[PDB]
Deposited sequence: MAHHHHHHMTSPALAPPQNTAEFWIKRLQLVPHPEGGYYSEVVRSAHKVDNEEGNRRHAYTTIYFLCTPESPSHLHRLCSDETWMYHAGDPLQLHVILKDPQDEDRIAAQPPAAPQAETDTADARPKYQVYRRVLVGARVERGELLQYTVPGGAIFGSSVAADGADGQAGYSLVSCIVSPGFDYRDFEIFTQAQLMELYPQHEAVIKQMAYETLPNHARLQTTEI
């Protein structure tokens, strides 16, 4: 019954540069060194809302980002792992993963899931069928060590085709022209 506009209005969400809608929530008082030796907040958190007309494009942090399901359709995460590094938490970027962040755990959906730092990843929502009925997906994201735009790397199709052409299909779907 709740709609994309219900949430955007009630959580005061705005358009995110990469795609989707968001709003910063909290940032850690305490500071830490991150994986590159830079000073960051311990963690940062946001609300993130995705819709089928506004998916997130492919990008890459240097810290882990964790996604938590709240409401709407399941969120589809398209993940290209650097190394099979799910286990810690040699050619690179070989393994693709699709994660559905949702509440139907019987169907393989995960209430929580963590994109390891150094993955190329993006997110979207189906426009129809079983996974696309409410017209949106609402979650919280937490980056730890903290998010800093300077660590947020974004890609074009051509850019990723030259390095990682084996993943041509998600590249042409989820990366900027």
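Asks: As a test: can you identify every run of the deposited sequence that has no C-alpha position in this structure, in order?
Replies: According to the record, the gaps fall at 1-17, 107-124, 213-225.
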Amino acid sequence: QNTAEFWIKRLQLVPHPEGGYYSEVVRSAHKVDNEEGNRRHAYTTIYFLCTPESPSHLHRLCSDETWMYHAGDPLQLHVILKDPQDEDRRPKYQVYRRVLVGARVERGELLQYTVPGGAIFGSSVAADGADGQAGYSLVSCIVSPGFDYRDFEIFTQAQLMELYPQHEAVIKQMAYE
From here on, numbers count along this sequence of modelled residues.
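Asks: With respect to the recorded C-alpha B factors, which stretch has the higher mean value, 23-31 or 134-142?
Replies: Stretch with the higher mean C-alpha B-factor: 23-31.
Asks: With reference to the PDB entry, specify whether the mean Cα temperature factor is higher for 62-70 or for 104-112.
Replies: Between 62-70 and 104-112, it is 104-112.
Asks: Compare the C-alpha B factor of residue 95 with those of the other modelled residues in its chain, then answer lowest, middle or highest third.
Replies: Highest third, going by the recorded CA B-factors of the chain.
Asks: What third of the chain does residue 160 rank in for C-alpha temperature factor, lowest, middle or highest?
Replies: For residue 160, whose C-alpha B-factor we compare with every modelled residue in the chain, the answer is the middle third.
Asks: Taking the C-alpha B-factors as the PDB entry records them, is residue 148 in the lowest, middle or highest third of its chain?
Replies: Within its chain, residue 148 is a lowest-third residue by C-alpha B-factor, going by the deposited values.
Asks: Please rank the C-alpha B-factors of the chain's modelled residues and tell me whether residue 127 sits in the lowest, middle or highest third.
Replies: Ranked within chain, residue 127 CA B lands in the highest tercile.
Asks: Which third of the chain does residue 117 land in by C-alpha B-factor: lowest, middle or highest?
Replies: Residue 117: CA B-factor falls in the lowest third of its chain.
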